[PDB]
DNA sequence: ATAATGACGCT
DNA sequence: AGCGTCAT
Ligand SMILES: Nc1nc2c(ncn2[C@H]2C[C@H](O)[C@@H](COP(=O)(O)NP(=O)(O)OP(=O)(O)O)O2)c(=O)[nH]1
Ligand SMILES: [Mg+2]
Ligand SMILES: [Mg+2]
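In the deposited numbering, the protein residues as written are -2 to 154, 160 to 432.
Below is the structure:
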């Protein structure tokens, strides 16, 4: 009864920018606003690979990782902006700084955890408490939740989206128990109000629009965020879960999108998140290991404990480049040359990092791919990073991989390299 | 010829 | 330490 722990202890939100790279490009170039458009890296191979798509472009079937030439076939009026190129490669600096604008704004409200270049989680538990004290005990008005959806409402005894949304919101507020300061749903509601505010501020001060999820944990906040994108936020209450999970494919839950999620489907013979409830913890631990079992057992009940880590800053800093097919690096002059290109970008990102964030990386990781290998990395090797010098860093990276050169000739490089990757890690205060 | 990255688990 | 998985 009262000792069944229910995962309602926290209030956690996930804010993710809408078609981010696109909005960055549209803020810069007014011509691209409210039009089908996409952002590509490179231009020579089939017009370039798409990495971001406005919603007007999505409505014609344009997706991430489509070639730009194929995309034009679906959507001939498609507008494109391409990623800056420096030192012979894609440079993402404009989106990193645009990201920092967003993160700095979110930081104002609460401690965030940077989960990607375009999203952060927030623990709103404390701020909800505060706002709750300050609102005395007066009703919460719909005018404070102008973009909020209540997952699973309306239900019970208009045909347009705004109509439906409001009915849902009304039902929820009409049944909200305001006098009870310890009510989880009331807390979510208040969290949701703050998130409206946070989103108003982001758009006011950056001109960028975003979606958000408000729930009791990260997994649910993330899932909820996706439900009503673009430019809308979504409250997933603890009670909405059984219905939500009842037809939620397992693959849609964070960290279940790959192999583990496949074996869950496969071993258990299920499709949806909620069918997990029929398994005892021990059983799921038997199949999926002890951590996964535990995590799965609670997750399918909407309970998840991972905390919102106070980390606004990346722990690693990295430059990488693929050299597909024919362009696979095949001489020792080439490998050196790109090591230097990568090294030089890395150097300028680190000097900026050290000035901005009062810290130095202490270690360099070197990673490569050989032709005829299947995985992201063929090989990783660490060395010291003692100076922010592109020559030393490039020289040293070379040093630690030269032995991988299987070639008999002096100058040649075999097998040819299909990837080079440098990553600075192990940071210490500066 | 998706491509550039970032986080984290396992051993 | 170096590899594997999952994500955006
Ligand atoms: N370079 C590179 N960037 C990528 C890749 N995948 C995503 N991004 C970049 C480009 C993305 O703009 C940014 C954030 O990605 P999301 O939030 O996953 N999708 P978005 O915000 O575009 O649209 P929405 O969220 O509304 O559906 O990360 C990639 O494979 N490579
Ligand atoms: Mg996004
Ligand atoms: Mg995202």
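Idealized CB from N, CA, C, for every residue including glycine.
Assign residue i to buried or exposed, taking buried as 16 or more other Cβ atoms, counted over all protein chains shown, within 10 Å of its Cβ.
i	result
residue 102	buried
residue 268	exposed
residue 393	exposed
residue 110	buried
residue 148	buried
residue 304	buried
residue 396	buried
residue 13	buried
residue 1	exposed
residue 93	exposed
residue 245	exposed
residue 5	buried
residue 348	buried
Using only alpha-carbon positions, find the residue among the options that is nearest to residue i.
i	options	result
residue 20	115, 162 and 191	115
residue 402	283, 319, 315 and 369	369
residue 364	416, 63, 81 and 427	427
residue 312	93, 112 and 1	112
residue 32	231, 77, 84 and 41	77
residue 431	317, 154 and 405	317
residue 391	345, 294, 106 and 377	345
residue 234	277, 61, 187 and 164	164
residue 41	4, 5, 28 and 86	86
residue 45	56, 60, 55 and 377	60
residue 7	0, 27 and 120	120
residue 273	68, 249, 204 and 105	249
residue 251	380, 264 and 242	264
residue 243	308, 384, 300 and -2	300
residue 355	51, 80 and 90	90
residue 99	184, 201, 281 and 308	201
residue 118	-2, 260 and 225	225
residue 337	322, 178 and 351	322
residue 258	104, 75, 221 and 70	221
Please indicate yes or no: does the CB of residue i lie closer than 6 Å to some heavy atom of ligand 2?
i	result
residue 17	yes
residue 200	no
residue 155	Between 154 and 160, the chain has no modelled residues, and residue 155 is one of the positions in that gap.
residue 13	yes
I'd like to check one pair, residue j with residue i: are the Cβ atoms closer than 7 Å?
i	j	result
residue 238	residue 214	no
residue 194	residue 145	yes
residue 315	residue 359	yes
residue 285	residue 84	no
residue 424	residue 399	yes
residue 169	residue 154	no
residue 37	residue 79	yes
residue 276	residue 247	yes
Considering only heavy atoms of ligand 1, does any lie closer than 6 Å to the CB of residue i?
i	result
residue 139	no
residue 399	no
residue 49	yes
residue 224	no
residue 231	yes
Does ligand 3 have a heavy atom nearer than 6 Å to the CB of residue i?
i	result
residue 113	yes
residue 116	yes
Per DSSP, residue i forms a beta bridge with which residues?
i	result
residue 323	422
residue 86	83
residue 157	What the structure lacks is residue 157: the chain is numbered 154, then 160, with the residues between left out.
residue 382	369
residue 414	333
residue 10	119 and 216
residue 130	Per DSSP, none; premise fails for residue 130.
residue 39	For residue 39, which the question treats as bridged, DSSP gives no partner whatsoever.
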